[PDB]
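To keep things clear, I will list the structure first and then write my remarks on it.
Cβ sites come from the backbone with ideal geometry, for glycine too, and all protein chains shown count toward neighbours. Just so you know, all these numbers are worked out from the coordinates, no wet-lab data involved.
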Amino acid sequence: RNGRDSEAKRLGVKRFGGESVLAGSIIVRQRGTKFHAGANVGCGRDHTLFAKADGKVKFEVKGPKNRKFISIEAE
Amino acid sequence: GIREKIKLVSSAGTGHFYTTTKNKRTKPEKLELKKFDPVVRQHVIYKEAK
Amino acid sequence: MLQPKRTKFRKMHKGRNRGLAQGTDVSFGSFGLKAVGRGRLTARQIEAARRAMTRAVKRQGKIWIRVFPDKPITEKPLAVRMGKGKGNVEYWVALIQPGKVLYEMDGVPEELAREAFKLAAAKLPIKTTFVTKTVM
Amino acid sequence: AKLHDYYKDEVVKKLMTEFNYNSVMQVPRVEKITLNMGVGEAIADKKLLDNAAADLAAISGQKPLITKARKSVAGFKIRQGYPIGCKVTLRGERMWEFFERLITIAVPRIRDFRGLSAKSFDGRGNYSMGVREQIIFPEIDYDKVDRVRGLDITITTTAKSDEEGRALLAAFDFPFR
Amino acid sequence: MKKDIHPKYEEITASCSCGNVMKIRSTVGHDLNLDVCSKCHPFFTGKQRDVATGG
Amino acid sequence: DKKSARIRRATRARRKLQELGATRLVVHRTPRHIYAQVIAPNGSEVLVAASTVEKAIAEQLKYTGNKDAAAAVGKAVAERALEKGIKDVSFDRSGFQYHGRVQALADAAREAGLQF
RNA sequence: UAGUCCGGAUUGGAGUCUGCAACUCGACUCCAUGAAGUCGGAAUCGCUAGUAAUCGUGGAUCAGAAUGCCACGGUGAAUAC
RNA sequence: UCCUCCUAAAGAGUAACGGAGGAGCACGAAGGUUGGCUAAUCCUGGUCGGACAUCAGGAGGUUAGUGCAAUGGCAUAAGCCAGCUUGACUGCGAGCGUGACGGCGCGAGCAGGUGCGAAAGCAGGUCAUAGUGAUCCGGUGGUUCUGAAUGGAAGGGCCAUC
RNA sequence: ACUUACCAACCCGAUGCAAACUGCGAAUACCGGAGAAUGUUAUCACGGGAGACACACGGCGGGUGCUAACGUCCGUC
RNA sequence: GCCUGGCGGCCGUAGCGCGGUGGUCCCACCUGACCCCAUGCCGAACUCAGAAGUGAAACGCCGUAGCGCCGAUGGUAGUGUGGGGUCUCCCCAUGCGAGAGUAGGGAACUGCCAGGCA
RNA sequence: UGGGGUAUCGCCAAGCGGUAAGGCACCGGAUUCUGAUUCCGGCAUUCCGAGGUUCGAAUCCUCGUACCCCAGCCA
């Protein structure tokens, strides 16, 4: 009655904090907005967060709900 | 499943068609969508819900 | 026999039984039958021990069963190969660690609590001890 | 505007006298009057709800808003978003004109009129009553009725307690058995 | 209010048998004859004859 | 709450303009005043502000809090903003409908040269 | 041509008479109420001429209590191969 | 075969005839945008009206909702309602993720043309993750690209597509 | 409408349990940056030739099994 | 300097609840609505023209810890590496070291601009 | 033990998720000296028990019960 599972989707954080990125680089492939988009970060259609400018990855905690933003410092 | 495939043909003289799917049963009316025609390079009305 | 009225999933993994216990003080009553050995306790052993206590200190007193089974143990039948699924839920155990007060008792003298807890600790598989209600 | 002027002098003055308010604005005022006609027998017929809507259109001076079902429940054979009642929210000038016709000529034309119940407050001053006939309003033609259709009135006011609503409504003499 | 979706709500004059001539706005579109008004309705005499039964 | 409903109407365009990083012209309509202030892209510091509570604007008006007053304020913010080198802003209507006197204020700011 | 100015049951109130006494449990009257019933399924009955049908009246029993019983007359058929 | 959770040892991945569930679609609005709005449940009052159909008020806080499983998300709503609409565009694509490969996915930006909005802007389908099938062979429309002497044509190619 | 040794929602106080619970949360591991010493470039790319794709036990974390097996299936050494 | 309004930083030591106070200006309720605009009914909301009245509600400010919230020190749990045992579980050396709880803290702090009062 | 089927008025047996249809019986009337036959009228199961999905369950799903059918093998 069992014996099935899907293929593993390889989510998670692809570039960590302080890690230098190019523009276009995917930072967190994820499933809802567990991590939100910050400065110079875009959120794709499947809530993939990608580097919209070059620089360094900056994980932060902002706002009244303590959300986890991801900025990019210009570098 | 039930939902059929149709060709939205261009109202200009070209043969260019978009293609899509329609529920033929619940929506028997034809489907007119002002889509983009790349041979004319202009947004023309498209017809023909097959 | 004790068993949860309605589970959420029928079969549980084995998992392990490590570390010390949480229920450690005699909370509700005045005298307590506290575990020392590790082990696990089926619902039949809890019922057997409770009947030994309830008989022993007659229908006076008040007895609290501080542990509850809520863990289903599956067995495979006889002359069945390995594989072909997980077994069937046969009984239900509580996992015990050193420190669990398994039972409490109040409304008797201490010497009857010694007597009922001796009578009922011989129906359990774990080494057991007698404790009192200490104040802080 | 007759009972609105009557409010603005004698009910404001009278309630400032009775209760020992400080502010002139702390006095209760009637916010709105909602007329509901929850028909329910329109699960099979649409013209029945249309006639209900014509009756609330006559009793107030406004089109009613045909209300839909919030949840689906099977106890009454309805479904989500199915139109099942109609209401009119009267406020402003038309609230006072309807309130004048109501306590003046509509309430006395009730069959076997004993009085309106004083324990029909919802704890916050807001009155709510029910009429059993639409005939008791002088606009509804008695020769043109098809179904007897009562309705429920709800006076919503800005009083905090319900004794304060006893006082407000009772200052319009508003029968109260 | 909106435009003409509402019924015509014109001021009329009601008059009952109590001598109470009273002009009001009502969407009847016709002058009115009544019997009972708020003035001179048997409400208090009604309550008295209600209570006055036993013996 | 009316004020809280207004702020949650404002919030989307506010956070979008903080995301783009544009200098915003925040309006604020009250039943007897209108307020208008140009705020830097960091959101903290203002640059230009005019309103009907200033007696330089209020003395030349009949009534603070109608469309003539709001047109006066829009003209004032556009003038002061052009005097301080600010040219191209983005209009933050701040939760009000772009209809009445916020439309009068913003039209008046567009006539007098402020680019949005 | 209507459940109607048909039909009067049922019920409320107010009474009269008889009788020691009308509650169980009379008869009649007045006001009000106004059911069922629109010609009756299978089946079944009476009648051959002053008959059937229909309309009233009287009497016995009886203080009072008949739509029954026993009598009396009025109008008055159809049909019998 | 594909999707979701756990096993799975706090990056990814990870097995068993291990424990549990789902898919083989739907939608021309259920997509785009603009403007607005905020749930479940319970209590009280109220014509028929009832434990539960509508109305009004209060408590409550998203226990609700999300076209369909589960998980992660969602109030700036990704939920609910309305106006106008076709970006459910065409050619490309810095850069990345993910696979042994075939392949699959995310993508700012550039050009052409468009929708909504006053504008900033947003829109290359849907809250996301399932809804699927390589090649050959062949069918239909377009494009002289080829077209075995030559001019055509047949057939082939290329683009769309079944 | 009058009584009642019976059960009991919600709420509050106290007590436990959870792989598919989390308002908390390590050690470790992993990714990225800088620095010193050490290491026969130990690293990466491209090209020639492979073999191998039956693994076994032992520690640690687990599933299954009966916390049975010199059992079976993984992770890591 | 005090107060008020706007836009932010910060995201519960910041929120709740109970009590007190404020309106010259500001703000809020308010007044009216034929117009701009609006209600799947209704100027309730949205919007417009105003300013009579009140700070009742709202909002701000000041108190108050009933709660939420923060939170040591110590110990406990766990755990990397090496070793040990009576080895489904623990112990030793060593490195890291919680969660809960306790003492306690606690009814925020602050930047820019604008207006009113002194 | 597994797979399949059935449970609906006193009995046999139809039911499509929005209503329970047939026959025999039973009840009342009639025919008849009386009974059978016959004729005229009726009634009637909230659907095996529990839980769930649904606005709504006899109907769909799951579990239990009771009775049938098929299989339970090679060694």
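Tabulated results
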{"item": "Residue in segment D:136-156 that is part of a helix (DSSP H, G or I), within 14 Å of chain E (Cβ to nearest Cβ) and surrounded by 16 or more Cβ atoms within 10 Å (Cβ to Cβ) present", "result": "no"}
{"item": "Within segment A:20-45, considering residues that are in a loop (DSSP other than H, G, I, E, B) and over 11 Å from the mean Cα position of the chain (by Cα), the one nearest to the other protein chains (Cβ to nearest Cβ)", "result": "A:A39"}
{"item": "Hits in segment E:13-38 - residues which are of a type in the set (S, T, Y) and touching a strand residue (DSSP E or B) at 6+ places or on another chain (Cβ under 6 Å)", "result": "E:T13, E:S15, E:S26"}
{"item": "Qualifying residue in segment C:62-83 (condition: within 14 Å of another protein chain (Cβ to nearest Cβ) and near RNA strand I (Cβ under 9 Å from one of its atoms))", "result": "yes"}
{"item": "Search result, residues across segment C:56-91 that are in contact (Cβ under 8 Å) with a residue 24 or more places away in the chain and over 17 Å from C:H13 (Cβ atoms)", "result": "C:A56, C:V57, C:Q60, C:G61, C:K62, C:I63, C:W64, C:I65, C:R66, C:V67, C:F68"}
{"item": "Residue list for chain E, restricted to those being small (G, A, S) and part of a strand (DSSP E or B)", "result": "E:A14, E:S15, E:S26"}
{"item": "Matching strands (runs of 3 or more DSSP E) fully within segment C:86-136 where at least 2 residues are β-branched (V, I, T), in contact with a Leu (Cβ under 9 Å, 6 or more places away or on another chain) and over 14 Å from C:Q45 (Cα atoms)", "result": "C:128-132"}
{"item": "Filtered residues of segment A:46-59 (kept if under 19 Å from F:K16 (Cβ atoms) and assigned to a strand (DSSP E or B))", "result": "A:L49, A:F50"}
{"item": "Residues of segment F:94-116 satisfying the condition of being basic (K, R) and surrounded by fewer than 21 Cβ atoms within 10 Å (Cβ to Cβ)", "result": "F:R110"}
{"item": "E:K3, sole failed condition from (1) among the basic types (K, R); (2) exposed (fewer than 11 other Cβ atoms within 10 Å of the Cβ); (3) within 8 Å of chain D (Cβ to nearest Cβ)", "result": "(3)"}
{"item": "Residues satisfying the stated conditions in segment A:60-72, i.e. part of a strand (DSSP E or B) and either in contact (Cβ under 8 Å) with a residue 24 or more places away in the chain or within 13 Å of chain F (Cβ to nearest Cβ) (or both)", "result": "A:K62, A:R67, A:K68, A:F69, A:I70, A:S71, A:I72"}
{"item": "Members of segment B:28-50 that are outside any strand (DSSP E or B) and touching a residue at least 12 places away in the same chain (Cβ under 8 Å)", "result": "B:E29, B:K30, B:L31, B:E32, B:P38, B:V39, B:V40, B:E48, B:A49, B:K50"}
{"item": "All positions within segment F:74-109 that are outside any loop (DSSP other than H, G, I, E, B) and more than 24 Å from F:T11 (Cα to Cα)", "result": "F:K75, F:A76, F:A78, F:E79, F:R80, F:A81, F:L82, F:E83, F:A108"}
{"item": "One residue from E:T13, E:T27, E:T45, E:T53 being surrounded by 11 or more Cβ atoms within 10 Å (Cβ to Cβ) and more than 10 Å from chain D (Cβ to nearest Cβ)", "result": "E:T13"}
{"item": "Selected residue [within 7 Å of RNA strand I (Cβ to nearest atom) and among the aromatic types (F, W, Y)] from C:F31, C:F9", "result": "C:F9"}
{"item": "Yes/no for C:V108 being away from RNA strand I (no atom under 16 Å from the Cβ) and either over 30 Å from A:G3 (Cα atoms) or within 14 Å of chain A (Cβ to nearest Cβ) (or both)", "result": "yes"}
{"item": "Tally of residues being surrounded by 16 or more Cβ atoms within 10 Å (Cβ to Cβ), on the phi > 0 side of the Ramachandran plot and more than 8 Å from RNA strand H (Cβ to nearest atom) across segment A:43-67", "result": "1"}
